[PDB]
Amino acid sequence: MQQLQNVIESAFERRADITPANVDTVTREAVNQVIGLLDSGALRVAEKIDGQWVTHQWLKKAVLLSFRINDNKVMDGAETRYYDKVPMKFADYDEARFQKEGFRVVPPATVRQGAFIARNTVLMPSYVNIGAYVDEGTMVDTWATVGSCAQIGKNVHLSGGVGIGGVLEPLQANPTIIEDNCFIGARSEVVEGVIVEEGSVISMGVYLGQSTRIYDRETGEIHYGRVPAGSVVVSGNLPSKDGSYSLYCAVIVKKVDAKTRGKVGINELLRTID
C-alpha cells in the first residue's frame, strides 16, 4: 500500500529524532493504520511466495516506529499497575466479538495490539508480541512466547515454556517462522530467522539459532538456518577434532512416522465447537 508504505520509510529515516511530541499527525495516523492492518491479518510482516518466505522490511519499520511515536500510559492492573506504550489487544472485546473471532483465551494469556490471532486457536497463559501472526488451529501452551513478528503456521503445537525469537531486542533481520503442522517440544527455543519446515517435530530442550549445527546422522549433511520438512529433531553434541570435548547441536534422528505421530497430535476436542 504505497499511501502508507511511503510515509513510513520516510520517518524511519529520522527514527532517532521523532518523539511522542515532535511527531506530525500525518506520520502518527499512518503508523497507527499500518498497525491496525497487522492486528487484523489484513497485512503481515512476512509471507510465502513462490515457495520462498519473504520479509516486508518496511512493515518491521512501522513496528519499530510505533515505539517512537507513542507514549507510555498507566495501565490499571488489579493488585498492581503498569506503565507501557502498547495497548492490550483484547481490552475492547465483548462476548459477541470473541464469539465471532473463534479462538480461546486462557487467563492470564496476554496479547499485544498489532498481533494476529486466527480462528480456532487456543492460547494457554502465554505471550504474543506485536506484529506476530498465529494461524488456524494452533495451540500456544503455558508460558510459551510468540516473539515480535514471528510467523506461526496452522495446526501448530508450541508446547509449554517454548520461545519463538522476535526481531526487536536483539534487533533481527528476519522473523522466525514455523511452518504448518509443526510440533515444538517443551522448553525449546527457535530464534534468529530460522525456518522450521512443515510437519517437523522438535523434541524438548532443543535450541536453534543461526550458529546451531543441525546434523543429519543419515546423510552426514549439516544444515544451518532451517529444518527440512518432516524431520524429527533432538538434542545432541558433536565432538572436537582432538575428542577433548563436545559441543551442542541439533540432530535429525529420523523422518516423522506413526510412532512419532501418536505422541504429538492435536486434540480437536480442545478446539472450537461449531
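Superpose the two forms; the largest set of C-alphas matching within 1.5 Å is the rigid core. Note that residue numbering begins at 1 and tracks the sequence as displayed.
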{"property": "Higher-deviation segment by CA RMS in 4 other deposited structures of this protein, core fitted, 104 to 112 or 170 to 178", "result": "170 to 178"}
{"property": "RMS CA shift, core-fitted in 4 other deposited structures of this protein, bigger for 34 to 42 or for 237 to 245", "result": "237 to 245"}
{"property": "Greater mean Cα temperature factor according to the PDB record, 203 to 211 or 25 to 33", "result": "25 to 33"}
{"property": "Higher-B stretch (mean Cα B-factor, as the entry records it), 98 to 106 or 124 to 132", "result": "98 to 106"}
{"property": "Most elevated Cα B-factor in the entry, residues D141, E189, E192, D71", "result": "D71"}
{"property": "Which of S235, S66, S244, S231 ranks first by CA B-factor in the deposited coordinates", "result": "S244"}
{"property": "Modelled-residue ranking by C-alpha temperature factor, third containing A62", "result": "lowest"}
{"property": "Chain-wide C-alpha B factor ranking for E79, given as lowest, middle or highest third", "result": "highest"}
{"property": "Ranked C-alpha temperature factor of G225 among modelled chain residues, by third", "result": "lowest"}
{"property": "Relative C-alpha B-factor of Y93, binned into the chain's lowest, middle or highest third", "result": "highest"}
{"property": "Within-chain third of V111 by Cα B-factor, per the entry", "result": "lowest"}
